[PDB]
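Worksheet: the structure to be examined is printed underneath.
Chain A is the first sequence line, chain B the second, and so forth, proteins listed ahead of strands; every chain is numbered from 1.
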Amino acid sequence: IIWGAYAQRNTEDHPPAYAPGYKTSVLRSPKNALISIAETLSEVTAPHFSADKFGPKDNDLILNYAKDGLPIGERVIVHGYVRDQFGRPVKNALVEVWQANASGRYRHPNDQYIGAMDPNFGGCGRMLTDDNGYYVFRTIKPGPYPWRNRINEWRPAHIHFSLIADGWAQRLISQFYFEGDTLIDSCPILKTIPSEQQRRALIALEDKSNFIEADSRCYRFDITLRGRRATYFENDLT
Amino acid sequence: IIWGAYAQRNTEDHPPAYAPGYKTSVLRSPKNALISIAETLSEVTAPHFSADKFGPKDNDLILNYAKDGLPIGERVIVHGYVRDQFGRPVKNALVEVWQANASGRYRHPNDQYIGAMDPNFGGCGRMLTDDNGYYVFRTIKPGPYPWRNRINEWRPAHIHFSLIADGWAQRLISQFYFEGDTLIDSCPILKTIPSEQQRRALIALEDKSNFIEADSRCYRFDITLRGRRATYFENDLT
Amino acid sequence: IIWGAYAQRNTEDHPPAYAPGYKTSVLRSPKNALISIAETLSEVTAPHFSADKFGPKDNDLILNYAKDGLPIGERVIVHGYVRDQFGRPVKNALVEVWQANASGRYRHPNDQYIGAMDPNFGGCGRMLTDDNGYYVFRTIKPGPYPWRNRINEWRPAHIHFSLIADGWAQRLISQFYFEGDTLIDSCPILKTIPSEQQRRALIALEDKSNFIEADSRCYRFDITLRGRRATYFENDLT
Amino acid sequence: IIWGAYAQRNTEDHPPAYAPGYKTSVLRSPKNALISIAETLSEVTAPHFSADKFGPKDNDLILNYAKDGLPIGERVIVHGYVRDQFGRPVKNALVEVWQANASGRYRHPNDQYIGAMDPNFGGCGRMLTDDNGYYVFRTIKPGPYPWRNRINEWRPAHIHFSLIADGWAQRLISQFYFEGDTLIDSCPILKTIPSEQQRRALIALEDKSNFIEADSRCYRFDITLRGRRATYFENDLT
Amino acid sequence: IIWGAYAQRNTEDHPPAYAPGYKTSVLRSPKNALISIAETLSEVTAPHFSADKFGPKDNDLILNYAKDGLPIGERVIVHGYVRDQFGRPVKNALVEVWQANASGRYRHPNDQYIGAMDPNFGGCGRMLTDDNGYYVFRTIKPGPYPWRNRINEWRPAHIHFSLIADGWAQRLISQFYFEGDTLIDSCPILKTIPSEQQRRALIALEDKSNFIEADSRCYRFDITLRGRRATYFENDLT
Amino acid sequence: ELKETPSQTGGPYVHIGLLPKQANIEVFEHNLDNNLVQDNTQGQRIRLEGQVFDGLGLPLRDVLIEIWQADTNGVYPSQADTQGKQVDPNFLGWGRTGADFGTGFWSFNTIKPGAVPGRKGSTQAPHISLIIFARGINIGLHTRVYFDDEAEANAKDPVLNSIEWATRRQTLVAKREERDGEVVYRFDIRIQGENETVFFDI
Amino acid sequence: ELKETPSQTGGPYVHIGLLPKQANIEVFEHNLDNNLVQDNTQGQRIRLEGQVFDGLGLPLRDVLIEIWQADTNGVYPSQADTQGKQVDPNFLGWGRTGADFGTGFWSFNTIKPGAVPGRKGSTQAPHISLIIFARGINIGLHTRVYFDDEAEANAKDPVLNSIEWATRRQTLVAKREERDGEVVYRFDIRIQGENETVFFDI
Amino acid sequence: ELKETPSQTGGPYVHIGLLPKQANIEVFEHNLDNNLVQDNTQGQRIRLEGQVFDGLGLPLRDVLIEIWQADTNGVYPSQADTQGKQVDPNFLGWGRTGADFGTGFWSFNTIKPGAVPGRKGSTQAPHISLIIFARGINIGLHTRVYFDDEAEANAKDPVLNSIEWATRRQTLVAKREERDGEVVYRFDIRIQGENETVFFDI
Amino acid sequence: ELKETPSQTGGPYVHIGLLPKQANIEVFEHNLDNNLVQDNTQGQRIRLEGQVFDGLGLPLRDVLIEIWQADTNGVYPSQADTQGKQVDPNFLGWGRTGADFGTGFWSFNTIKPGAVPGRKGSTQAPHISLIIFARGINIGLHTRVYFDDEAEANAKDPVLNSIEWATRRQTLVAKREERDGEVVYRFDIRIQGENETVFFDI
Ligand SMILES: [Fe+3]
Ligand SMILES: [Fe+3]
Ligand SMILES: [Fe+3]
Ligand SMILES: [Fe+3]
């Protein structure tokens, strides 16, 4: 198989750059339209990360920062699959996540929220997807986060995730939420996304059969990245 | 992959132990609730049966008991797949079936039904599922069976089946019926099952494309067993 | 009848000037709102074109540029009526059209599309509507056109048309498409139009009864222009 | 796996032999009913074609006949999968296609249509499906074809295809159309097919994600052939 | 305006030639399909009938045969318009009608129905449409007619009509019925027509506002004939 | 756009309205008939006769026939004729008749038509357009009558050559005869079976 | 379970895609033809020829034909053949041709097939599977060609005996002839009417 | 009541249909151009030139422009003109041109228009109605060109005074120049940003 | 076919998960950083630094940046590179950093990339692909960094020439400087307003 370029990103399935409802986007959004280009080797290539460099607890947010005891909060496992738009699994992709603790408090110098800090929780982890595009990490369910967009704004509970896969054109950063959270319907950030079906694509579903008795609950969340088209005639990539 | 315990049996997808409509269950059902336990090696292990011990006609109820001639009745083939709840195929599982003959008469000392006995039909067979969880046997379609629950009770045509797979927790015995049988809607035994969707899970479907011309008809019936969860963190099984 | 001014153009039935989805409009759209004015003789008058100046093949795109042979493509006839919003026919209006060839290739210096050029096709014609506002021309159905808005953008097959009628306020340029073209639902340019009913107003309908056997197919497309109101009291136009 | 015979062709999913609406079928349709037979080695076997004999441009109708330049018309790629009715892929099946050019003109001595001939287009190609039953060819989208059934009859744009696979019983010749073509609803030939769902099975779908920027559009079209049943008991084939 | 050929007759809007339900059609219907031809002067021309030859009572079936008194039956007026499929009125077309009397008895040697003959009723008339395609005649409403298709067959009340207009291709003979007649839903002859909308096109509607007090009732019935297409390019008719 | 009014059979009593006199009904002073030749009609007189047979080889005794033709110079007495030539002022070009209730024979007294222009500058062989109406016939059947003594013209006729099944072309050619001094062309129409007459959708 | 893709006529120009050279199109270097005999092909050479007639007794001048057969020993050059015998390494067993645009004649140069095993241990008489494609034909018509010089084998053939209307069996038997030293089997196919060829749904 | 057909951009190749010669297409004998002055046209000749700039201050090299104006006496060569005065018989009053593909400059050779009557008995200052079409422009942009040497008339112009933002009025005034003996009015149009040209909805 | 997972802003605390140490979180032994040069990395060392400014001309003090580039020979350390050349075994080609919370400055220590093959046999000028993530930014912004000392190569670069607004091309060219003996390219990114940096949809 001789691969061609990645399929065109469908701008309609993503939030626009300018979204007045999400205030900080007003000054941090280009006024000019993005210039689309035909892909070259630069856009279809991406770095490789060896698993040798990852620690044993890198995907365990419950223990990778635990000092004196366990973090306070809801023990939950999150897993799922990473595929490209054509359904092909994405192997060995770097998945990085970060979140606030159970109080909705981030371990970051710029966070002054009254929510209590957890000395045993860090809030960040990472993993590589396997040959089936499968990924899995453990964590404490994050609490909603109050922030200043409009004075009384509240982010629904959420986990930040980033992916670096096979092509630079696939570079993606986003956030996923938990099924049933009532704050999902009023979040200005989630509302930057035009369609309803795309908003639901960011919701992790309760996976009851995979709950671990007297231990942890579990959420299922699949991620879809752009996919490459195969070439059967001219190969103009190079 | 390090396997954990089998997912919890969903009591709601099964008949309760006490079902007044099915009379004999009144005295043969515990009054106390079942005590749920965390699984150990005992519950996740099961015996292995070598195919060497099975005869060539073990899965052919039309010929495994034929003496002077062929059994009287509807020549039908029944096949399908055995999977665990997570969709994984169940390999080399022991499947045992037994049924009445075309008259709705069982070859059993305790059966005095006026329905005629067939000297060339036994009513029992067995098989092992293959690597894809596929199974297949041949038989004579069983006739409905009159029995005494309420004086004029009639079991719809049915075949009894039993499975012994990879884990003791999977041990299952049940019965399947044939699509279209009008007796299905009034059977007290089938009605012990709470939901309608679960009742339909016991109906073998007509598989017309797999009919064998001038020979046999065919029914498709898939069986679903409990499945094990994978473990990615602590392994408390042992 | 003493004519007054043309009815106000309904800005809601037209695309706005600023349409981010259609990239080049970002820098070529006024930031200030249009200033509406009461009409004067300047806005209600327009030039007159004598048919004496038009050639016999001006409305025949199949033959007006044919040199050695006929153009390659789908022989189609397009006709319809030009009316003002009040249903009155628009007589002797200048209709000018231009399009790409069957390959979706325009005969224009700035077009480098790989689509093949047709030495016998020019792609432009013109006509004057008759006393009933009726117009008719012949052409080769244009093929879809790939262009760079987003890298893989494709214009559905279309024909460009321009009208100069009785009043300058009526000056209109637009494009019409062909019924059934699946590219119609994803075109960013066609989507600049707010309502769905207005988008459909640009679709030429298959006119099967007017097909010419073993020769040409036919499409029906009516155009509606702004219309003047009659005055029965004060005449402030002058 | 010991294969048996192919499943019975479902006469209801195909046009009858006698179809008055399609005039030439009146004298070229048997008056007697077809005589069904049990299959033998003759019906389940078929020839094998080595790829060694195929040229590099056999599946490229844009270039396999190009002499001085490129053909005039819509550059389109057509791909899809060939499966048997049971979903199994059909490997190394010979696929042969032929069509008219962009003018709806066939390169055939008996075609006198006024539509212009393209000196650089032949209108025929062939391929072998791969191990996944996948096939792919390039071509110019054919223009509708006027013909004499009723005097003003018009075939919607279409491509003729033929398949020779694993069994003679699978021998199939047909035609596929393009999504959105309005001529599809009035074609007497397409109407010879009884059901609506079967008519839609001959429509190639627009595959926008597989469009190649500034180059070609793409259609997806899957073909389903008859499939063989497996045998687990008597093998009467021979 | 340079006229071309008449639009193709839509065979789907007419009864087929072979209609088993209408018995006599079995032996009087060609087995071969009709051969469609491109029209010539022969098909687009037709005879002209001067009104000078028509008598004053030719369109009055109540009086044109009255000898000693008036016919027995329901005095009804029938009028309507004759247009071509494009809505143009058909001027000076010859309209000829004939029907049975109020007893459902025809004044024809071959009619032996027990229904009583009316010495003052003939059952035939004729007219020419005016410049607006308007026609009008007076008559006695015909009674249903028993006939032998199946032994107890009954024609709903009906009037036979024939038209000879501007082109031979327009030659048409048919029958119209009266709104509300319950026999309409079971007539084998009316059922030879495929669609329901076409069957309703033969029903004369009650025109209450045009009833003439203490005199006659009135029915409205419009007739549509094939229409010619205009030619704007080549004129191959001759 | 409107759909054409659906056709229906003329029925067994079609004579009442189209040929009153044959049904013994005298209501009209001027009755349309099967005689197209007037006193000053130009051209050679001819008689067109024959029968119409069903699928059993039996004649229809209730069929009604009409013909439409050009004058001796190939000009139709119709405002739709675009030839620019003056047509015979004493020729209607149309006629109607009915088979005999007893024998099934029909006939017309007319003139042999002149060659009429075909499409794209071609020339059609002399012919008469004919239509059949009757019980059992849902839509009037169209056909043409050519003459066997015009072999050269027929061989070049566009319509006859548009029939790909060559053996059927002969079903449209009437045979010339001469009862004494009168010219008679026999044209038998066969709706079904062998030698089935070619019918057109015009 | 999926439904089989619906069939459609091959159309009048079926030659473009299946027999390019006959349509005067040279695009392929290797063109599939009606010659199944190679240099080292075993068995006695034979020529299969004939015509295909419509309901009017007229030959189809646009029909396309294909045949599928076993080698001289009754073994099909197909991986689906389960006989366990080695097939002739120089035999494709398949061929395609088209009737002549002018005369309607078609022909194949092949080998007379050996007896092939039937169902339930029976033996089939030598035969060639043939299929017809053409304008007017909605689904390819299947039939078989048996040989008249194999009377004894034909009398015991399972397929021929599965046809209860005995008089129709003969329509499947080709007649042997000998143009000089070459063996020729004439096989005429009649789609409609009398002596209509038997067609199978396989 | 019907809705007006929705507008769409003229597109980058608008020249094909409106200015064929600029796209190197010779199909018409009579080509509409940017020259409104004929041999016997009355009034003082003037040249109107300039450029159209986008939001980046860059000229549009694919814009098409048209102008509509009255004759030297303020009478439009239109049947819609109700002044009752005779218009210049040698003046179309309309012209079309396209920016240069390389430089972006456009120009028209015309006549300076006479004052035209305004609404309610007012008098408009001399002006030319101009419209802009181009890729990126969804609906043709309307504007007017006034002349700086008509300061007194402009000060009393109804349209210019209907613009409440006084500082914008100047964007509609072209500057007079004199290349030798020819009068030239420079009129630059700015679609976006500072000094954005006033656009009207007429 | 599935739709791509919708993008969301990285948020103000993006450092927690992508640059833990900058957020004072020590959880990983191996931390990804902004240093692409290793001991045996080939090519001339260079420092890429600058700031990112918002629509007010103020630097973003919470922006995160990543770069992707080829080695000194124009080969990407990616299995997707099809050049067939051996890449520098001691080069990841990727790096990540964050603006300083106080000043807004960011920087990377890397190597100047070699020319990489363009589409259709063209050659791209040396460049580094860069992406911007931050609060207020809904989708990562893509752009490229070219070098001013490669004027000849830039003039022929396909991507730079695909930008029709020529004046914007310069926003993608970093300026070379030399703090003592070290080579430094300054690249300031402006998200909005004048001199707005060109952003690509790749
Ligand atoms: Fe009647
Ligand atoms: Fe075709
Ligand atoms: Fe365009
Ligand atoms: Fe957050």
Side-chain angles (χ1 to χ4, degrees), chain A residues 9 13-15 17 19 24-25 27-28 30-32 34-47 53 55 58 64-65 85-87 96-98 106-108 110-111 122-124 160 162 166-169 171-175 189 192-193 198 201-202 223-226 236-238, chain I residues 1-18 20 23-25 27-30 54-56 60 68 76-82 92-94 101 116-120 124 129 131 133-140 159 162-163 191-193 196 198-202:
Chain A
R9 163 165 289 173
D13 298 326
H14 291 279
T24 51
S25 77
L27 298 175
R28 301 184 173 189
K31 72 92 64 186
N32 285 292
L34 301 175
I35 292 177
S36 293
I37 61 174
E39 293 182 347
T40 67
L41 284 180
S42 299
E43 296 68 50
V44 306
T45 54
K53 304 173 181 177
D58 287 9
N64 68 22
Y65 203 74
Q85 71 194 76
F86 300 110
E96 297 169 295
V97 300
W98 68 102
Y106 281 98
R107 177 176 288 291
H108 189 292
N110 293 174
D111 190 5
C124 73
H160 291 271
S162 171
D166 302 273
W168 197 235
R171 191 72 184 81
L172 177 68
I173 276 183
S174 194
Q175 303 172 44
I189 290 183
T192 56
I193 297 173
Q198 278 297 74
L202 297 179
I223 305 173
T224 303
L225 302 182
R226 293 170 65 189
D236 303 310
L237 196 56
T238 58
Chain I
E1 176 173 51
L2 299 61
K3 288 185 172 300
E4 184 187 10
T5 295
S7 174
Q8 293 284 68
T9 180
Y13 314 123
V14 65
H15 310 75
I16 294 178
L18 307 188
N24 300 307
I25 307 178
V27 189
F28 301 150
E29 187 171 0
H30 180 64
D54 59 25
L56 291 180
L60 283 64
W68 170 240
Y76 286 98
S78 167
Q79 300 188 311
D81 191 281
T82 61
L92 190 60
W94 176 86
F101 285 166
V116 176
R119 298 168 60 69
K120 303 179 177 178
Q124 310 191 71
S129 289
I131 191 169
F133 294 107
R135 167 182 54 128
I137 296 179
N138 298 322
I139 316 170
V159 170
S162 72
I163 299 178
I191 298 176
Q192 218 179 71
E196 181 178 294
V198 170
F199 290 114
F200 301 117
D201 184 342
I202 67 174

statement: Applying a strict 4.5 Å limit to non-hydrogen atoms, the region of A:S162 in contact with chain I is side chain

field: Contacting region of A:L41 [heavy-atom separation from chain I under 4.5 Å]
entry: both

query: Where on I:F200 is there a heavy atom nearer than 4.5 Å to chain A: the side chain, the backbone, both, or neither?
result: both

message: So I:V116 and A:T40, do their side chains get closer than 4.5 Å, heavy atoms only?
response: no

field: salt bridge (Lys or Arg N to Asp or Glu O under 4.0 Å) involving A:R28 - partner list, sequence neighbours excluded
entry: I:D62

statement: Looking only at heavy atoms, the pair that brings A:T24 and I:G136 closest together is OG1-CA, 3.3 Å

query: Measuring heavy-atom distances to chain A, does I:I139 have an atom under 4.5 Å in its side chain, in its backbone, in both, or in neither?
result: side chain

- request: Would you check if A:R9 and I:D201 make a side-chain contact, meaning some heavy-atom pair closer than 4.5 Å?
  value: yes

- prompt: Which bit of A:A17 is near chain I, if near means a heavy-atom gap under 4.5 Å: side chain, backbone, both or neither?
  reply: backbone

- prompt: Can you find a pair of side-chain heavy atoms, one from A:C124 and one from I:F28, that are under 4.5 Å apart?
  reply: yes

query: Checking A:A46 against chain I: side chain, backbone, both or neither under 4.5 Å from a heavy atom?
result: backbone

- line: Residue set satisfying side-chain contact (heavy atoms from CB on, under 4.5 Å) with A:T192, at least two apart, ordered chain then number -> A:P15, A:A19, A:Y22, I:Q8, I:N138

